[PDB]
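There is one chain below, alone, in structure tokens, taken in the form deposited in one PDB entry.
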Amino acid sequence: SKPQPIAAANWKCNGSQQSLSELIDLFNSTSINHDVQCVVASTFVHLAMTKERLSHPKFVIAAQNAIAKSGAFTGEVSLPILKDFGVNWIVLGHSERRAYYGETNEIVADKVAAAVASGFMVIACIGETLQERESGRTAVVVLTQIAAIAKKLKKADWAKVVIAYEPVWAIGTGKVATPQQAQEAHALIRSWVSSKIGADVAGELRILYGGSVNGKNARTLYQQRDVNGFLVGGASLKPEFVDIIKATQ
């Protein structure tokens, strides 16, 4: 027994009206019979197109980031802007942002808290690098990530929160994450939640796997006890994303 899964496509900084339209079409046409929440995270630019086109009842739209408040922040998009715009899902704290864009544990927590406050469903991303991993630091980093988020949230807030564990150590480093290793990272998070906030919250909490997921390994990943679905990059831009939705039965 598990909560409702989530299949999240993070298109990243990719796209084209043409291509996406076509993908959208494949998605709407998809027959989805179980209870799963599908999420499409498009560039900020694509959002309008995406909303108009996605008619599938099991799909919602999400943005790939935001700043907490409007103002003099050239190039940035804030929560209010998104709220007025009918967007209610957000991806926050993604590792690419953590790495290139100065996103500390603190900035992430703030952004999350800010989002929860304003009503958004948040997919917050945590996860360790090969360095931290190699040095025996997996636990300290992950728990420190989740603890930083957690100091700005009340028990009630949790219902607005989804966690994505990103195996950074396995991303673009040449290493392979196995299902066992994913599961362990997940169980760990769940332990902290269950132990810090509460058992009820813990059982309801969705922990997505945010590593390498393809149509062939997604079911074996799903088959693990603390895997609640996926946050997807590469295969999200492909028809394969369809098998990934299915793998959550």
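The numbering used is simple: start at 1 and walk along the sequence shown. We call the rigid core whatever largest set of C-alpha positions still superposes within 1.5 Å between the two forms. Residues that one form lacks are left out of the comparison.
Just so it is clear, the following notes concern the form solved in complex with a small molecule, a form of the same protein that is not shown.
- In the deposited bound form, the small molecule stays beyond 4.5 Å of every heavy atom belonging to residue 109.
- Mapping the unseen interface onto this chain, residue 212 counts among the residues with a heavy atom inside 4.5 Å of the small molecule in the deposited bound form.
- Within this chain, residue 172 lines the site of the small molecule in the deposited bound form, having a heavy atom no more than 4.5 Å away.
- Contact between residue 227 and the small molecule in the deposited bound form is not found at the 4.5 Å heavy atom cutoff.
- Picking from 204-212, 31-39, 186-194, 217-225 the stretch near the small molecule in the deposited bound form, with a 4.5 Å limit on heavy atoms, gives 204-212.
- Shift analysis on the rigid core between the shown form and the other one singles out 174 from 119, 174, 86, 102 (C-alpha displacement of 2 Å or more).
- An increase of at least 3 Å in the separation of the C-alpha atoms of residue 174 and residue 131 is found in the deposited bound form, compared with the displayed form.
- After superposition on the rigid core, the sole stretch of at least three consecutive residues with Cα shifts of 2 Å or more between the shown form and the other one is 169-176.
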